[PDB]
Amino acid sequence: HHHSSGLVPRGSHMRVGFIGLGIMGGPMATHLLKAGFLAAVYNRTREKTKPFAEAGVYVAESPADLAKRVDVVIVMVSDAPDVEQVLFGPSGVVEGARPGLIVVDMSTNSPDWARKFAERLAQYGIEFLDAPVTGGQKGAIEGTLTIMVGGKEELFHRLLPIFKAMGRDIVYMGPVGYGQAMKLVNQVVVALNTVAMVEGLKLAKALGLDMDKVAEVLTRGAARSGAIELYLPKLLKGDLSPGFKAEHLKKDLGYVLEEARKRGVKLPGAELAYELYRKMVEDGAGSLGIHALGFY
């Protein structure tokens, strides 16, 4: 069954359908639209698709309905089970895709999961890249994300224009799962950098320091970090909103620990950070930004 034309010509072989219009996904998809690649969106909560429909983007009834109409499906949903649902569920991408479609998972999970998604997709003649990102909500909005990619090198090149719409530095990491691998490494660092900021701030408050001055000093050598630059201003204002959700970091850390166990590496800091974030979720603060640790 063929279909009517959409925003992006078929002959481009670059029609993109985007699944998951969240804190990251909405801005990423908007950038794709600005660049002329976005044909369609799907979001579980329909209301988030409204601003896209208002710009003429096709709003799909399901992932399958989206896949049948595009050449590249980008997924920016929460966790690996969520990716499994959108790709392999009853009305998932595989039910509508044609062979040669490429799936790009830009969410964070693990190398093992990326390899599994690729293997399953391959049965349907579907290609796969894992291209998780760093730079946060701000990067997504600004289009400056650093994107780290695993998969066929030829596909990385083919899709570079698409990645460039959303990000600035686009790095090919290696075969499938190597993007998630780099992301997990990144998350160890982000988590611990965040714990570092939160603990320093707790100490600074206990010591009665002037927060204007604390912020000035910390925004430099070499205490300074991405976590501080992205989140200290919000944190000082008591804005605990994401940002990056605590539950998502907890999930990332779990994947970090699984890899570390498999490989015989001891990561005591990552283990602590996982515990702290697990507790934050348990306590009901899973939807707050990670910068709210210790302050929720």
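One-based numbering along the sequence shown.
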Using only the Cα atoms and their B-factors as the entry lists them, report which of 258-266 and 42-50 averages higher. 258-266
With respect to the recorded C-alpha B factors, which stretch has the higher mean value, 32-40 or 225-233? 225-233
Listed options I74, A97, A191, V176: highest C-alpha B factor recorded at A97
Out of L129, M211, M148, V86, highest CA B-factor residue: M211
In terms of the chain's CA B-factor thirds, is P242 lowest, middle or highest? middle
Where does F117 sit by CA temperature factor within its chain: lowest, middle or highest third? lowest
Looking at the entry's B-factor column for C-alpha atoms only, identify whether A215 ranks in the lowest, middle or highest third of its chain. highest
Would you please rank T108 by its C-alpha temperature factor against the other modelled residues of its chain and give the third it falls in: lowest, middle or highest? lowest
Select lowest, middle or highest to describe the third in which the CA B-factor of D82 falls within its chain in this entry. lowest
